[PDB]
Structures are given as C-alpha cells and as structure tokens.
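Take a look at the structure set out below.
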Number of protein chains: 2
Amino acid sequence: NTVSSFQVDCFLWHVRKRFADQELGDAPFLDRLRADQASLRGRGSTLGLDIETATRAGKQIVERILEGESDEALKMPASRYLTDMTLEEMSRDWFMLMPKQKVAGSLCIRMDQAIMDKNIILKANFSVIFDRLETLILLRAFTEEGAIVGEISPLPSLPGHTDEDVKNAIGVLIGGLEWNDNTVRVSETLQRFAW
Amino acid sequence: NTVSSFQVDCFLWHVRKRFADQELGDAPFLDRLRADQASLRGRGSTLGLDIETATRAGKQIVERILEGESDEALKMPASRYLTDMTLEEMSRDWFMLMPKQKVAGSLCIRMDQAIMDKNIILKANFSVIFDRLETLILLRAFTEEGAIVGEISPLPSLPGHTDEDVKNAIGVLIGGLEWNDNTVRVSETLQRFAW
C-alpha cells in the first residue's frame, strides 16, 4: 500500500544521503535532502511507523527492483544516433497547400501534391544498431530553395516500427514526389543506413 | 585574326544546322539559326571572304580542338557530389557577433567567438573521388537552435585545395568552437569522407 512506497522513500533518502556524505551534492540537492528528512519525519509521525524498519523494507524493495535489473539490465548490442537535422529543422512549422497524408505501419507520411519541378532532398534523424536503422526520430523533405514539403514521422500510439517499414515509407514518399516531376535526392546518412 | 574566329563561326553554324535537320530544334534555336545565317552572310559580304573556304578552315580548327580532345578528353576516374545543405543553407545570410577569421591553404575559416555552451553540427556540400574528399563546395556550422556560427569556404583565387587541407580546417574550427564549451558534432557525410 502506502507503507511500501514509504519504505521506498526512506531507503532512497538514505541512498542520496550516503551520496551527500562525499559532499559533492549541490546546494538545492541538500535543500531537498533537508526538506525530505522533514517530510519523511512528519509522515512517519502522523502515520505511526518507525523509519528504520521502513528503511530495511525499502532495501528489500530495491532488492526486488535489483532482481529486475538482474533479469538482464542492458540488452546485448549498442545503438548509434544519427542526425541530419538541427532541432530547428525538426520542429520548424510548415504547411502543405494540398495535403497528402497516409498511415503505414506506425508511420505517418505527409507530402504536398502542389510541389512540382523542384529538387527535394530528404534528411532524417534516427537510430541505428548493427549498422541497420533501428528507429526513426523523424524525416523531412526540403527543397533546395529551403521549403519543407514532406514528412515521415513515427506514430507514438503503436508498438514500434521496423527498418523495412521506413524503407517502404521512404520509397512511397519519393514515388509521390517524383510523380509531379520533382527530382528527389537522399542525404548520405540515409543511403548508408536505410537505402 | 578575325578570319579564324569566323571560320569557327561558319563551321559551328553548319554543325547546329546539321542538328536542326533532324527537326528536334527549338523555335528560338532555329530563330538563332536564321539570325546567324543572316549575320554570317552580312559579315562575309562586308568582309570579302567566301563562307565555304571559311567552313573548311573552321573544320580545320575544330580538328585542332579535337586534337586537344585527343590529348585525353576525360581523366581516368569519376567523381561524386555530396550535399548536406540545401542551396538555402549555403546562401543564407548570417553574421558573427565577434568574428574570428583565418586563411589556411585556399580555405577561409570563419567562426563566432561569442558562441558558448551550444551544440553545433557541421554540414558540408563537397565532391569526392576514390572515396576521398576531392573538393569542398562549402561547410557551415549550425546550432541545434538553428543558427549559423562558423563557415569553411573555398578561396577562388588560389590553385586548389586538398582533402588534408579540409580535415585540418575542420579540426581547427572544431577546436576553436570547443574552446568556449560548445559540443561540436559532424554530419555523417563528413565522418564517412573527411574525418
């Protein structure tokens, strides 16, 4: 119930206190330390439980979360994060004059039917693993003139998407753009990891 | 003198006429064809030379320029053009609040001393050959917030620059930026071809 979360609190306080004992903690850090020895004393008093049995039981619950870390904290490989786009580029507002939107396997594909006879380049920020595209943060289509005209975005409310899903979304976006005579080009950091 | 350039004119006219004979030429193309049969007739008249001997001698001068092409038109390898930056990005105006400029082997290096505690990424548009950076069109430093703060540009009035020159310029730019506690990151298309 509440007692268990309060054992968690008492133990975690004792933990950051052992931290602070090296005296590397920040002034606000230690302020929170005081604030929390206060709050925990007030709760242990207007509750009715000693805080040492609570510290022991919070040690027990960190042993359970440590059994969770012992189930295999860390997977077996490492990831790499690749960026074509400044944050600005990722978050810059844009619009399409005649939208074309589509959903395909946890991926939103947007483009503007009104873009014709432009050179478009595709930039993406994503994640690789085993030299293969692990997960897509975002992709965007820019005109050499500088305009955003298409976007491949991850759908949050779905259980993940794959590298083949992204190569398919890219191919479909490029097809839609090329239909209107737009010469579409891919940033090297996508050639090298998603074709 | 003038007669030789006019042999060049008469021959090159006969050439584009042989083109036009397939009737694939544009309306303005053929307009220029007429305009030029006119101008060449007027010049051959108020000059005093037949245009057929001039066509023969222009064939001789294209044989000399063809001996120039026979000295070895085409080198021995092929190049590739790599783009991080839309034209906009390359030509977008910027400024530095406290400039730092420098010349190093046909390369201009600019940066802003006033940039501190930013994440900067380096994008470049350049040319490779044998999977090595042949020649740099331009490089620019952007902040994740979107601001240009440094630039590595080719100096036109000098006899070319090398890939080592560019790796040195990059290293120097990154050093200058990192001095002010800015975390500098390189676009993958530079990692993969210029380190």
Next item on the list: Pull up the stretch A:156-186, narrow it to residues that are surrounded by fewer than 19 Cβ atoms within 10 Å (Cβ to Cβ) and polar (S, T, N, Q), then point me to the one that is farthest from the other protein chains (Cβ to nearest Cβ).
Entry: A:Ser157
Notebook entry, point to check: Within the stretch B:94-115, is even one residue free of Cβ contacts under 8 Å to residues at least 24 places away in the same chain and among the hydroxyl-bearing types (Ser, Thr, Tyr)?
Noted result: no
Note to self: Would you confirm, using the coordinates I've provided, whether A:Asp93 is closer than 21 Å to B:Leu82 by Cα and either assigned to a loop (DSSP other than H, G, I, E, B) or not assigned by CATH to the domain that holds A:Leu173 (or both)?
What the structure shows: no
Next item on the list: Tell me, yes or no, whether the stretch B:139-146 has at least one residue that is within 25 Å of A:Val186 (Cα to Cα) and more than 14 Å from chain A (Cβ to nearest Cβ).
Entry: yes
Item checked: Test result for A:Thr189, on the phi < 0 side of the Ramachandran plot and within 11 Å of chain B (Cβ to nearest Cβ) -> yes
Notebook entry, point to check: What's the number of the condition A:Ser153 fails, among (1) surrounded by 13 or more Cβ atoms within 10 Å (Cβ to Cβ); (2) closer than 16 Å to A:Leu177 by Cα?
Noted result: (2)
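Conditions (1) within 18 Å of B:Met85 (Cα to Cα); (2) of a type in the set (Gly, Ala, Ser); (3) not in a helix (DSSP H, G or I), marked per residue:
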| position | (1), (2), (3) |
| --- | --- |
| A:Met116 | no, no, yes |
| A:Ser127 | no, yes, yes |
| A:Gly160 | no, yes, yes |
| A:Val166 | no, no, no |
| A:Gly175 | no, yes, no |
| A:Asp181 | no, no, yes |
| A:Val184 | yes, no, yes |
Check: If you go through the stretch A:137-157 one residue at a time, do you hit one that is within 28 Å of B:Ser127 (Cβ to Cβ) and part of a helix (DSSP H, G or I)?
Finding: no
Checklist line | Single residue of A:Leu49, A:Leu136, A:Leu122 found to be within 30 Å of B:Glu88 (Cα to Cα), surrounded by 15 or more Cβ atoms within 10 Å (Cβ to Cβ), touching a residue at least 40 places away in the same chain (Cβ under 8 Å) and not charged (D, E, K, R) | finding: A:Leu122
Next item on the list: Being of a type outside the set (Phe, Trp, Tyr) and in contact with a helix residue (DSSP H, G or I) (Cβ under 9 Å, 6 or more places away or on another chain) is the filter here, so list the residues in the stretch B:6-22 that pass it.
Entry: B:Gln7, B:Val8, B:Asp9, B:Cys10, B:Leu12, B:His14, B:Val15, B:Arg16, B:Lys17, B:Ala20
Margin query: Restricting to the stretch B:72-85, count the residues that are surrounded by 10 or more Cβ atoms within 10 Å (Cβ to Cβ) and either of a type in the set (S, T, N, Q) or more than 14 Å from chain A (Cβ to nearest Cβ) (or both).
Written below: 2
Next item on the list: May I ask you to list the residues in the stretch A:93-106 that are within 24 Å of A:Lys167 (Cα to Cα) and within 14 Å of another protein chain (Cβ to nearest Cβ)?
Entry: A:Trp94
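Which of the following residues is part of a helix (DSSP H, G or I), without any contact (Cβ under 8 Å) to a residue 40 or more places away in the chain and within 14 Å of chain A (Cβ to nearest Cβ): B:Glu69, B:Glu63, B:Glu88?
Details: B:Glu69 fails: within 14 Å of chain A (Cβ to nearest Cβ); B:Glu63 fails: within 14 Å of chain A (Cβ to nearest Cβ).
That would be B:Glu88, the only listed residue that is part of a helix (DSSP H, G or I), without any contact (Cβ under 8 Å) to a residue 40 or more places away in the chain and within 14 Å of chain A (Cβ to nearest Cβ).
Basis: the model, the stated rules and, where named, an outside source; none is laboratory data. Neighbour counts run over all protein chains shown; Cβ positions are idealised from the backbone, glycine included.
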